[PDB]
Amino acid sequence: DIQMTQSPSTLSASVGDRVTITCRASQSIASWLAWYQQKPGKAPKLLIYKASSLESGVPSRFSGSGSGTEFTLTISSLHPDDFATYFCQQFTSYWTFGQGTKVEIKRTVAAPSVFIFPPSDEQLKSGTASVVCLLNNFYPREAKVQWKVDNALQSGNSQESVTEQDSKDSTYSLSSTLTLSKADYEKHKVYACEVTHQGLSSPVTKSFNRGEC
Amino acid sequence: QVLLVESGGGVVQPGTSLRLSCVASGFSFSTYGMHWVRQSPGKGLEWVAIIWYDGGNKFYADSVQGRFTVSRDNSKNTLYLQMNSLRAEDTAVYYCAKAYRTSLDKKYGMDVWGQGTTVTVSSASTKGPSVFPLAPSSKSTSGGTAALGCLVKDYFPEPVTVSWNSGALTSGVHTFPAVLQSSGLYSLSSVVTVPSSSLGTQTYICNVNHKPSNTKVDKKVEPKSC
Amino acid sequence: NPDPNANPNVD
């Protein structure tokens, strides 16, 4: 079949920037290429068809070009309505899609506020312990959260979740949850999450002592 | 004008069958070819099938041949996808899409997509969540502001809804996307930041609703002595 | 031989 290689995977840009997304077909597809825009929870929306034709109602700041294997989608002046994921699709041999480009809002660095929550008495009664570490209202998205239990680095027993960029201030928030059985929880004293972020001059650790919090 | 509506999605166990439907309005459905496409978090967008305007020619992706059957009833303006022998890898949002208008072109893409209907293949049984407080403390305070929350653990299927103080508290709330645990059950947390001086005098309650199991929980989140 | 990308609409 025909594989579509889209790049970059993610792009952070300021409003008014010039933004270009590229896609490369593994063999020639003439001009049989379409570009889509998709926002969370909504269906893809066709923007450009046959490599360069603007669809109805798409603003003039969008343009597409290419023929053969290399194609580009350019937004000349990035608008607040344009932050979204974009996908290409060839339609000369069945229909195959690029992996997607997420265009994200650039803003100034904000270091996270870091908080930690011991497991509740109620959950401990139930036989398991969840420790939650919360990183609130930070930018950029890249952040490293590492659990240490009695200063021993943990792996494979935590899960993270991240919000989308906040509609007001464009920041992220993130939670990391360390989960242990009650028996394992009680074998250890110090529970700590260590956060590394560009906004922090040094990595920050928040910790508590089991049974003292 | 042009509208596609997918329906029939749901949570099903593997091996079973499931039929999706797509009802079209606002155009001459009987004269257009139609598509199914699906999207999963770990495979991007993947074309599934196409059916010609008259129902004759049908093509399928290699992964679904033999198991999926596309069909249409032009008298009802409805596209159908019959899914058989459902596999975990069939978990996805399923979209229907109209073929592009006729022109002098010899190749055809798609122009308008429906909203999508979610299909989740899992052996897990329906289960309501346990709701635990994330209590505010000196380890969740910063500059006159305290964070507190609730942990909504071990439920199936999605979704749950969380509100705070019966909807009176909305600013500063973050409700995180659910995570699927290796147990097969979901978990999520909802957190809110509030004035730390309010902790002694304002009640904070997370209202959790899990409609699939008809579970409703109001959990008061009290400050700890930490 | 039948092209899936051919016109799927009424001729």
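We place every Cβ from the backbone using ideal geometry, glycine too, and count neighbours over all the protein chains shown. Each reported figure results from applying straightforward, stated rules to the coordinates on display, with no laboratory input.
Structural remarks
- For the pair the stretch B:90-154 and the stretch B:159-187, the centres of their Cα atoms are 12 angstrom apart.
- The trypsin sites (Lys or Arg not before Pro) of the stretch B:27-120 meeting both criteria, a DSSP state outside H, G, I, E and B (loop) and at most 16 other C-beta atoms within 10 angstrom of the site's C-beta, are B:43, B:67, B:76, B:87, B:101, B:106.
- Helical mean residue ellipticity (222 nm; -39500 (n - 2.57) per DSSP H run of 4+; nearest 500) of chain A: -1000 deg cm²/dmol
- Given B:127/B:219; A:39/B:216; A:45/B:106; A:39/A:102; B:58/B:106, the pairs whose alpha carbons are separated by over 20 Å: A:39/B:216; A:45/B:106
- Using C-alpha pairs below 8 Å separated by at least 6 residues, the relative contact order for chain B is 18 percent.
- Extending 7 Å from the Cα toward the beta-carbon at both residue A:201 and residue A:17 defines two label points whose distance is 2.8 nm.
- The equivalent ellipsoid that matches the C-alpha gyration tensor of the stretch B:4-58 spans semi-axes of 23, 14, 12 angstrom, in descending order.
- Residue B:13/residue B:43 FRET efficiency (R0 25 Å; Cβ-Cβ; nearest 0.05): 0.75
- Ranked packing of B:4-13, A:82-91, most packed first, by mean Cβ within 10 Å: A:82-91, B:4-13
- Between residue B:138 and residue B:31, residue separation times 0.36 nm minus the direct Cα-Cα distance comes to 31.9 nm.
- Average Cα contact separation per residue, the stretch A:4-105, under 8 Å, 6 or more apart, as relative contact order %: 39
- Dimensionless Rg over Rh [chain B; C-alpha; Kirkwood]: 1.13
- Summary value for the stretch B:132-211: 38 percent relative contact order, contacts being C-alpha pairs under 8 angstrom separated by 6+ residues.
- Positive-end residue, the stretch B:74-221 charge dipole about Cα centroid, Cβ charges, pick of B:134, B:100, B:201: B:100
- Gaussian network model of chain A, springs between alpha carbon atoms under 10 Å - residue of A:68, A:100, A:41 with greatest fluctuation: A:41
- Using Cβ point charges alone (K and R +1, D and E -1), the dipole size of chain B about the Cα centre works out to roughly 140 debye.
- Computed log10 I(q)/I(0) for the stretch B:3-121 at 0.14, 0.20, 0.21, 0.22 Å⁻¹: -0.54, -1.09, -1.19, -1.30, from the Debye equation with unit scatterers placed on every C-alpha and solvent omitted.
- DSSP-defined antiparallel bridges as percent of all bridges, chain A, nearest 5: 95
- Descending by average beta-carbon neighbour count within 10 Å, the peptides B:186-195, B:199-208 line up as B:186-195, B:199-208, the highest first.
- Between the stretch B:2-49 and the stretch A:40-96, the alpha-carbon center distance in angstrom: 22
- Using the Karplus relation 6.51 cos²θ - 1.76 cosθ + 1.60 with θ = phi - 60°, the per-residue 3J(HN,Hα) values for the stretch A:150-166 come to 6, 6, 9, 6, 9, 8, x, 10, 9, 9, 10, 9, 10, 7, 6, 4, 5 Hz, with x marking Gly and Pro.
- Approximate spin-label separation residue B:102-residue A:10, in nm, with each point projected 7 Å along Cα-to-Cβ: 4.7
- Kirkwood Rh in Å, taken over all unlike Cα pairs in the stretch B:130-220: 13.6
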